[PDB]
Each structure stands twice: as C-alpha cells, then as structure tokens.
Amino acid sequence: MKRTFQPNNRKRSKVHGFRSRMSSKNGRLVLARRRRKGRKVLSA
Amino acid sequence: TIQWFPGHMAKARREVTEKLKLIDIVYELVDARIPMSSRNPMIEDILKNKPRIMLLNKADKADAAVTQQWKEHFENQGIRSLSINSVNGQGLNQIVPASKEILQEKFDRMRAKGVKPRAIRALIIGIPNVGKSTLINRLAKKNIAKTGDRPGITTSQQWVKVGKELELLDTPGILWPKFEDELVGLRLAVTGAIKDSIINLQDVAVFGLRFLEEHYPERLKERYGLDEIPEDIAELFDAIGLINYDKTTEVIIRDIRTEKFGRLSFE
Amino acid sequence: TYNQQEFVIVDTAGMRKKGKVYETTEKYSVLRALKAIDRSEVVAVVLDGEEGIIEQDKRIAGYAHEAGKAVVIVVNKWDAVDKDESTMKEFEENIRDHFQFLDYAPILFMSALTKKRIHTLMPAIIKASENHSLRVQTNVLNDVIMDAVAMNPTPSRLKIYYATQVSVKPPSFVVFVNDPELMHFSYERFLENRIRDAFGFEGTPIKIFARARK
Amino acid sequence: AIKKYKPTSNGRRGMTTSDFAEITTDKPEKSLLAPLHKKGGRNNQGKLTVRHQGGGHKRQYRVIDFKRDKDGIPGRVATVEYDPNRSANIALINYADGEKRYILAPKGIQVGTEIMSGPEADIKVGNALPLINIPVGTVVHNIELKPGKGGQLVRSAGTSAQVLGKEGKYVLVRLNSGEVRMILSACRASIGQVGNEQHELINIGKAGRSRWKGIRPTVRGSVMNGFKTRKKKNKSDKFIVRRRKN
RNA sequence: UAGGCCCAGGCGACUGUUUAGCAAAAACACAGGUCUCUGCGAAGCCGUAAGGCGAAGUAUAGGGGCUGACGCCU
RNA sequence: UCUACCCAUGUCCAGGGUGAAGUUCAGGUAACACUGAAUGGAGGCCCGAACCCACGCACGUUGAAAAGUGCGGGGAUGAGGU
Ligand SMILES: Nc1nc2c(ncn2[C@@H]2O[C@H](COP(=O)(O)OP(=O)(O)NP(=O)(O)O)[C@@H](O)[C@H]2O)c(=O)[nH]1
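Residues numbered from 1 in each chain as written, not as in the entry; some residues may be left out. Chains lettered and ligands numbered in written order. Part of a larger assembly, values for the part shown. Heavy atoms only, no water. Residues with missing side-chain atoms left out of burial classes, pairs and counts.

Before going further, it helps to spend a moment on the interface of chain B and chain C. On the chain C side, the residues contacting the eight residues of chain B number nine residues. Across the interface of chain B and chain C, roughly 720 Å² is buried in total on both sides, 61% from carbon and sulfur atoms. The three residues of chain B that bury the most area against chain C are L22, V115 and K116 of chain B, which together make up 49% of that side's buried surface. The interface formed by chain B and chain C holds zero salt bridges in total. (Contact = heavy atoms within 4.5 Å. Buried area = accessible area lost by both parts, 1.4 Å probe. Salt bridge = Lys/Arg side-chain N within 4 Å of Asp/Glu carboxyl O.)

Written out as structure tokens, the structure reads:
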C-alpha cells in the first residue's frame, strides 16, 4: 500500500522553502519565531 | 401422498383466533374450478357466528355454465356467493354494497346508539395460490402486497387501510393437517396451492389425462399437433423430441395451468 | 336576540406583536382584550383575504386554543382578491397546511363590505355552542378505547384500564394506567383523533388527563 | 436528416444521430482560429460555483462575425462547416475585396450565393440591414440590441423572430419566446431563419455521449441528507409591450 | 494451461459508482419524460467590494425540482 | 507528497471471436423494402494475458505485514489505467 510520504525535492522547496515563507506575512512571523527560539535550521 | 403443512400454517390459525374480535366481515376465497374441494373445513370450524360471502376467483379460466350453476347451489344453500376476476376487475364493484347490506343491522344499531359510522373491517381467508393478495392490490389500486406465481409467498398477516372505508386483513393460505380423500388432493395439486416438490407429478399427469379423456375428448383430440386417443400415456408424451422418458409429465402439467387448452372445470 | 335566542358580542380592538408594542401605555388596552376571552366561550378569529397568512395570526390563535374555548376561523374582505373556482381551495388548503394545531375549527368566508354570506356566520356559532358543552356515555366511551389500542398494540408495555369523562366544557377525559410516564405525546395525540372520529366533536378543543394505577 | 442506428447492442437502442448533409469541408481555416481551454465551473478564486460541468473533448474557437459592417464589397459563400462551440453551422465568405470571414448560416444557403450587407441591400436570405429598411412581415435573426455590438438575440439553431410595427425611433419585434418588445431602429439584423432546424430531435442514447459533450452526473436533492425572479424595478421595463406569459 | 449444464419465480431495463480498513446490493448514477425561472450587465451562484463562473453561449440555449429504457393502461 | 474533484501536457492495453451502416451483382419489379452472393469493419459487443479491482473459502491475529498470503472471481477500446 502507498504510504503517505512520497518524497520529492521540488515540491518541498516550493511549499516549505525559504522564499515561499518570505513571500507572505505569516511566513515572516514563522521565521521570526524560529529565530527567537534559536533553532539551527529554519525554513527548509 | 400429500402432507405439506409447515409451521407458519399452524401459527396462522392461532393468530386468526387471537384477532377474531376485531373482525366485522369475512371473505372466504374459493377457486371456481373446484368449488367444493377448495373449501377448508378446518378453518371453517374456527369461523362461526360471523357473516361471510363466498368468492370465486380466477373465474376466467373456468367454464361459465358450471360456475353459474355452483353459484346457484351456494345461493340456495343459504350463503351468498359471487364470481370475480381478480386480474381485471369484473365483479369487484359489487362487493362493498353487499358488505354494507350485510352489516347494516349493526351499523344502524350503532348509529342509533349515538356514534358516527366507521370503516368496515374485513378479513380475507382461503387456501394458498388463490388471489388473496391480487384482489387486495386491485381493491386498493396501490400494489402494496407481494404476489408470485407459486404458493407460499406471504408469511405474516397484515393490515391494509383502504381509504376511510375499509380495513382489510390478509393471511397466508392454510391447509388441513391431513388429507382424507385422495381425489381432492389430486385436484388441489393440479390447480397448484402445493409446493409441487413434495408430491408425485406422474400421478397428477395420469389423473389429468384420464379426466381429459373422460370429459373433453375433443380437446384431447386437438391437443398440440397430434390426434390420437390410445390406452397408455407414452403415445402423446413422445410427440416432439436419449429423450426424456417421463419428464414430459411436467410439460403435460406445464401448459394446462396456463390454459393452453380451452376453459374447463373439474367441479 | 337571534332566532328566538339571545347573544352577546364583544370586540377587542385587534392585537399586534408583543415585541413591537412598546407604546406609551396605550397597549394597556390589550389586557382588556385578553380579559374578554376568559369571559367568552366562543372565539372568532378574523383574517384578511387580500393579504396572505401572516405569522402573527398563528400566535393570536394560540391564546384561544390554550384557553380551552371553541374556535371558528373566519376570513373577511373577499371583495379585494379574485372570486373564482379553485380560488376557494387555494386559501382553504393553505390554512390547513399552516394552522395544523387547530383542525376542528370550521372555515367560513364572508366579506363585510359587500355583505356576502354574512348571515351564515351564526349557523356556525350555534353548532359550535353545543360541542363545547357535551358529554358522552361512560359505557360507549370505554367500548371505543380498546378497539383503538387493539389495532395499534404499541403502547414495560403501557396498560389501559379505564376511561371516563370529568368536565362538560371542554370535555376532559382521564385514563387509568399502570404509569403515566410511559405515555408518549405521539400516543396521547393518537387517542384524541380516535375520539374525535368516533363522534363529531367538531369546532372545540379536547384535553386528556392521565392518572396512575392508584 | 436523422439517422437511426440498428439495435446491435444494449447501448445503441434508440440512439439517433444527425446526417451532416450540409457540410462541404472537413478542415477549418488557420487564420480564423484561437485557443480555448476548458473550465470546470470554477472561477478566479478556484472555488466551484456552477455544478454539473467539466470534462469533454478538446475544442478550438472559431471567430464568428456578429457585427457585419462590411458595406458594399459583395461576398460569395465558399463553404459551410460544422462548429463544435454552438448549436448551428457556420459559413465561410470570400469577400471580393479579399478578406475572408465567418458568419452564421441561415437555412437555405447554397454554395456560390452572393450576399451583401448595408442600407441598400435587398431582402433575401443572408443579407444584413438596419431595422428601419426591412418591411413588415419578414422573418429575421441575429437581432442587435444597441448599435455597434454584435447579434445578441435569436442566433441558436432553428430560431426566428418577426417584425410587427414601425413606431417612430423604434421597431416592434416579436422574439422566439413569444416576447414582444421595441428595439432601437438604428440596430442591424440578418434576414432568414437559422438552419439545422432538426437539431432538437436528436436522441443522445447513451450515458457516455453526454460525458463526451461535457456534462457531469446530477444527484437528486432528496438523497442529499413559481416565484418570478426578474427584478421589480428593472430598467427596460418600459420597452416590454407584451409579457412572456405564454 | 483452456466453459459444468438445464428449469421456475421476485428485483433492477442495460454498461458503470459507492461505506480506504465489516455492509457491492434491490442502494447512487444513467439514456428518455415532465414542471418551473430567465430577453442578455440574463436568471442563478463565489466574494464586504473590486473581480469572476454561467459564456464569449442567447429560449432547438442556460439554472433549479420530480421521476427514471420501450411496448400496452394513467 | 495520502485520498475527493478539476486544469495543461505525455504515455499503456499479448492473442482469438461475432459481423452494423455503406458499396457491388442481382430472384422481385416497371425499380423497390425485401433473397441470396461478394466487399466492408461499427460496438460504453464476447472469450481471455499485462494492468486495475476486491465477490467466496482457508490461514495469519504478542502476524512476513498497524489490511497480507494461497486457490477460485469481475473489467479488460472505454462513463478506461497511469
Ligand atoms: N388468471 C388469473 N390469475 C389470478 C387471479 N387471481 C390471482 N391470480 C394469479 O395468482 C398469482 C398471485 O396469487 P396470490 O394472490 O399471491 O396467492 P396467495 O394466496 O396470496 N399466496 P400467499 O398467501 O402464500 O401469498 C399470480 O400469478 C396471479 O396472476 C385471477 O383471478 N385470474
């Protein structure tokens, strides 16, 4: 049976990428929160 | 011989007895081709102190003269009788007035007692494979009951409210637990009303052939593309063809119930 | 006096919605109008024929029904809308669809401006006068009860033991049962229809009370 | 006219098809073509607004000419072709000037006929004239509403209108649906009744043919567990003479 | 490695679609029939609005209901 | 990125059957519609592999597997699968 995760590099960058986050306001808020916590990796 | 008597037949008697009080009038369906043998003394013993009318359904398949004579015999016997065709309403219009005339005594007594007239409660009873449900469907114009071309279709009694005028009770067919006269059993098996997988079809075919030879020799002569009246049965059986040695018995009984022959009656 | 019979007639200045009646104590008259119903025993509800059935009309008819008084639904001003065949049934059927809670009330049509069929109002009134005050025999009433429950043996199981009448107006009836909790509003309404069909009981509400095994 | 298939299968019982007896070519003209993609009843937000739509064979738009306005320059009908977008057939015209166009095909057009549109054009099938010039009693189609636009009314398959009166600065016309209304007298219209008149007798005959045409199944609202809607102060009500009470 | 066959009754005209993971059916859809609204910035819908679908289509054409092949009764 | 529906572009379906329209000769005729003969290759047509489903039975149920396996079964040029 097909499991729910079928990896693909293009869609991952198009949806959870840095520029997609920076395009809208809520993505910028997400980036700000992740910077505040101090996570080593942010966006995707 | 013929013994068919399942448990739902036994339960039907008890249910009818337990719901006897509500009944106002009874319709007793009787086949026209065999008016005397189709009566059920077992259910008649339970049924007393109740007015009733004899109905002759499937009247298109029987000879008119013998049916009318039997109608006279029932009439002067001391009971009302009528001839009806269920599939196409022939005498269905003249039963509501008869019921009204019969029950008028209690109706006027109740009216003078100080209540509004109410609906007539009727119970339909008879042997299986007779128009016990087709008649109800025609009367109600609704096609509410289940009908089939084999005995034993319905299994439980049911109330049907035809307008504000009639309350009909239906009932599965009932047969007496043990037969006594083999000729009556043979006639019943010929007309249907039996599962046909419990009986011997060869004897039924023999009875049919001998009755035909005795009564309608011309109809036996025309038959189906053959003209002979020998002493045995194997002459007619092998008309149109290893061929079925005696399975053609079914053929003999197949057409007759569908009136491939002309109208006839056994009385 | 009408047909060698005396009568009393009262007007009530109309009734409007409770929410928008925030007047300067001029709505104090509505209390007077409500009082007349208590002293009256036949209620005539009037609807306009030019206008359709308004929601407030159903509410007003509720007060009369809850007071246990005979009701005769009346419509006026047919001179406005068309008088034709099957225009009789357009509002005759529509009223039944909307005014379900009262079905015993007879329906009368008359226009006061042109004085059409005005004299037919009283024939309705006198008939309704009797039914609001009527008693049925105790023997007969009981005999009808178990006929209804026999054809509908779906009341553990609720048991019916007795039935009789208490009041003349409106006709109250009490049935002795093993427990009145088993009584269902669907079944209670069922008993009323059979009683309303056994006899006339036209143009008057009916109330049924239930008593325990005692 | 109408062809009936023989019942060689359960799905062909009663299916009927057209005859295509008025088609002279099978290839369109590259010049008068344009792309046309399919929408599924969605809109600029992507949400569904119209149900029972979507799917079907691909199509290409043909640029019809509902405005005419090419006065003088007599044209000759070159071919009559089938169009998938509408319910009628179209006709290609090689104008003597040189430019080719597409028009709706009125009933009775033969190849080689000479057509002409303008105030001086005569009364015959295929011509286009202002409503002022055409006389009473004629049957016209491709009615215009306001001068300068193109053929708003009565241009489906086998539909026609009629001219009744010539009241000043207007014209009384009766439409296909028994409507009677006035139209500005400076508008244009084309003579004749639209062809392919037997289009309404075609039996689809199968569940998949409607799928080909682009219609999706419809579910009854019961298992989904006479009020006039025309505006009551709408403009152009002063122009409606006789209502569509049918 | 390759079709078991023959009779009699219901139900649904047929091919298809459904409760991923208990119910594949007589349930849904379907071709046909019928009622109702709509004269074009149409009627209906999505959006606070701008802006769109219907459609670049015009009553033999589009929305919304009810039934459900085709032969003999309504 | 699983599943529901839609949009734009690609791609897949071993073999074998039945024989519609149309066309030609032609009893028939004055010629038909109807005989037959030849040609023709239509179908939400038939049997059946790849592919897609999931009707019956058995096993497994701290399983090889948090929906599988084995033997039978349905569709298989289309309202198809991907
Ligand atoms: N020719 C003819 N056939 C009739 C007549 N009445 C009933 N039938 C046939 O009888 C069959 C239905 O009989 P039915 O009334 O259901 O018999 P039943 O007594 O109800 N059997 P059960 O009680 O077990 O349901 C059908 O085949 C119907 O055609 C009639 O008057 N004439």
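After presenting the structure, the write-up continues.
Attention now goes to a negative patch on the surface. Residue and element names in this part refer to chain B. On the surface, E213, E214, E231, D232 and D238 cluster together to form a negatively charged patch. Among the secondary structure elements, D232 is positioned in the loop between α8 (217–222) and α9 (234–237). Of the residues examined, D232 reaches a relative accessible area of 45% and is grouped as partly exposed. (Patch = residues over 30% accessible without salt bridge, like charges linked within 9 Å, V, L, I, M, F, W, Y side chains within 5 Å. Areas by Shrake-Rupley, 256 points an atom, 1.4 Å probe, with all protein chains shown as cover. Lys, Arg positive; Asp, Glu negative; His and termini not counted. Charge placed at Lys NZ, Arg CZ, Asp CG, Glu CD. Helix = DSSP H or I, 4+ residues; strand = E, 2+ residues; numbered from the N terminus. Buried < 20%, exposed > 50% of the residue type's maximum accessible area, 1.4 Å probe, protein only.)

The environment of RNA strand F is formed by 25 residues, the closest being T4 and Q6 of chain A together with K6, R12 and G55 of chain D. Sugar and phosphate atoms constitute 71% of the interface atoms of RNA strand F, taking the interface as everything within 4 Å of the protein. One nitrogen or oxygen atom from the side chain of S9 of chain D is found 3.3 Å from a phosphate oxygen belonging to RNA strand F. Within the backbone of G208 of chain D, a nitrogen or oxygen atom sits 3.4 Å from a base nitrogen of RNA strand F. Going through the elements one at a time, α1 (9–16) of chain A together with α1 (207–213) of chain D are the ones with two or more residues in the surface near RNA strand F. (Near = heavy atom within 4 Å. Polar contact = N/O pair within 3.5 Å; in protein donor to acceptor, adjacent residues only side chain to side chain.)

Now for the sheet that holds strand β5 (residues 172–177) of chain C. Residues and elements named next belong to chain C. With mixed pairing, the three strands of this open sheet are ordered in space as β4-β5-β6. Bordering the open sheet on either side are β4 (160–165) and β6 (207–211), each of which pairs with just one other strand. Adjacent strand axes in the sheet meet at a mean angle of 25°, parallel and antiparallel pairs treated alike. Relative to β6, β5 runs parallel, the two being bridged by five bridges. In the strand pairing of β6, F176 is matched with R211. On top of the sheet, helix α5 (residues 138–151) reaches β4 and β5; it is set at about 140° to β4, its chief contact. (Pairing = 2+ DSSP bridges. Axes fitted to C-alpha atoms, helices over the stretch in contact; angles between N-to-C directions.)

What follows deals with the protein's contact with RNA strand E. Residue and element names in this part refer to chain D. What surrounds RNA strand E is a group of 53 residues, the closest being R86, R155, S222, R230 and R244. Contacts to RNA strand E include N44, whose backbone N or O atom sits 3.2 Å from a sugar or linking oxygen. For RNA strand E, a phosphate oxygen lies 2.6 Å from a polar atom in the side chain of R86. Within the surface near RNA strand E, the residues separate by chemical class into twelve nonpolar, 23 polar and 18 charged. (Nonpolar A, V, L, I, M, F, W, Y, C, P; charged D, E, K, R; others polar.)

Turning next to the side chain of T191 of chain B. Residues and elements named next belong to chain B. Checked against the element boundaries, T191 lands in helix α6 (residues 182–191). Among the polar contacts made by the side chain of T191, one reaches the main-chain carbonyl oxygen of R187 at a distance of 2.9 Å. Side-chain polar atoms of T191 contact the backbone oxygen of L188, separated by 2.8 Å.

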